[PDB]
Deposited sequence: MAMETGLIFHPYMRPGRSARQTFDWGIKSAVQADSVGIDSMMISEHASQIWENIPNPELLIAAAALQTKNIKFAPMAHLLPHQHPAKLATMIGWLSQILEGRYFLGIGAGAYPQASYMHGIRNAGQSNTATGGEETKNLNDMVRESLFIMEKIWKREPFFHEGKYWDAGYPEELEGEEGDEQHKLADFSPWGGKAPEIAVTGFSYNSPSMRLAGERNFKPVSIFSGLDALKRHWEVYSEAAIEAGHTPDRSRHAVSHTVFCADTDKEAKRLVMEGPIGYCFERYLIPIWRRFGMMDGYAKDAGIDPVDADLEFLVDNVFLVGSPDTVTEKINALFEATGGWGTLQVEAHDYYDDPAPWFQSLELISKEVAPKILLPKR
């Protein structure tokens, strides 16, 4: 029935944050989210960025695994071109086992050429999408634990035969229940190749909210690819990422956003980038304004899901009418490490008072 609440931890940590502080904020976020019934926590991967400063989401997932009871974790995404697929497959399976299946897997190519370069991919010639395909092909076969060898374009890998007593046969690091984890992919462009791939393979679709047109287009491409490949598209699997903040009143919610960590990140970091690459055009069209006038207050008033629980509940209901809805509201985590209380109260309000009222039509 009800739309779930999720957390996406990019993260967006203020420049100057230490690794220990970031890791601490991640574990506290996992524990708090689990405590208020948030369904899932996605954790991103970057080796070359300042704000998005987690190069190994699996370390955080592992650190929070036995400190949580119900929440599911997902790297979003492991960048398949950057790792040996056998090493990655084994880790994925083992971590899935540790979590007793409270796990799913995000895969991706990587959008940052500086980081592609570090991992030996120049002019991001090798093809990152082909690397993704070959890695996944390999990992799926390692999880099956049937012998094979593969001399690939990008990697060599295999699964060995047993040597000629339980203690002497091969380890079993297949994911929980002995099968592949549920796999997810994120889409950003309007006509998303990733959405197409996901429908084709029956993967979990993940969108970053960039306007009504793009959201509709993502589900259009995904469902048609799915039905064509013989799958039944399920809206409840669709996760959509939003900037969301809740407080007792609209006035306090807007103020806390405008004056705190969220407004600070947008003003200092995200807006200049989004403006330079015209990424607020979908927002501008939706609201009828000119992209040149897309500022923090415009976003807070027309884009972000900000207000009292009632105001936020209404805004989500509106989007649902316009789009058809989605399965998980994936709340973007911001740097409240120094001021946890209003952020935790906000998440608690979303998970317990907002999301349960939002019902899926499909």
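**Q** Which segments of the deposited sequence lack C-alpha coordinates in the modelled structure, numbering from residue 1?
**A** Counting from residue 1, the stretches without coordinates are 125-135, 176-179, 378.
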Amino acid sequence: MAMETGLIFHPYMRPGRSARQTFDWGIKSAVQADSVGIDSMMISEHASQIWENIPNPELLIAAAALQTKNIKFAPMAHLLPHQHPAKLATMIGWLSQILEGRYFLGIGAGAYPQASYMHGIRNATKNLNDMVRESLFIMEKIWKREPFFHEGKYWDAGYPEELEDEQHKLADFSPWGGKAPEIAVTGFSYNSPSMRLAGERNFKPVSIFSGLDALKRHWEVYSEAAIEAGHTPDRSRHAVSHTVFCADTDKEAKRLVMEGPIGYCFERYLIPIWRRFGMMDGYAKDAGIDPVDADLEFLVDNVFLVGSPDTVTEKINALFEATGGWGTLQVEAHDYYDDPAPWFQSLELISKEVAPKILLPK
From here on, numbers count along this sequence of modelled residues.
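**Q** Can you tell me which stretch has the higher mean Cα B-factor, 78-86 or 203-211?
**A** Higher mean C-alpha B-factor in the PDB entry: 203-211.
**Q** Per the PDB record, is the mean Cα temperature factor higher over 135-143 or over 260-268?
**A** Mean CA B-factor is higher for 260-268.
**Q** Which of these, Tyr154, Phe148, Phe188, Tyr117, has its C-alpha atom at the highest B-factor, as the entry lists it?
**A** Going by the entry's C-alpha B-factors, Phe188 comes out highest.
**Q** For the listed residues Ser241, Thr249, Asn129, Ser174, which one has the largest C-alpha B-factor as given in the deposited model?
**A** Comparing C-alpha B-factors across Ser241, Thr249, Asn129, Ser174, the maximum falls on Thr249.
**Q** What third of its chain's C-alpha B-factors does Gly324 belong to: lowest, middle or highest?
**A** Its C-alpha B-factor belongs to the highest third of this chain's values.
**Q** Could you place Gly26 in the lowest, middle or highest third of its chain by Cα temperature factor, using the values in the record?
**A** Its C-alpha B-factor belongs to the lowest third of this chain's values.
**Q** State the tercile, meaning the lowest, middle or highest third, of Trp274 with respect to the CA B-factors recorded for its chain.
**A** Highest third, going by the recorded CA B-factors of the chain.
**Q** Among the modelled residues of its chain, does the C-alpha B-factor of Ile289 lie in the lowest, middle or highest third?
**A** It belongs to the highest third of the chain when residues are ordered by C-alpha B-factor.
**Q** Against its chain's modelled residues, does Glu58's Cα B factor rank lowest, middle or highest third?
**A** CA B-factor rank for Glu58: lowest third.
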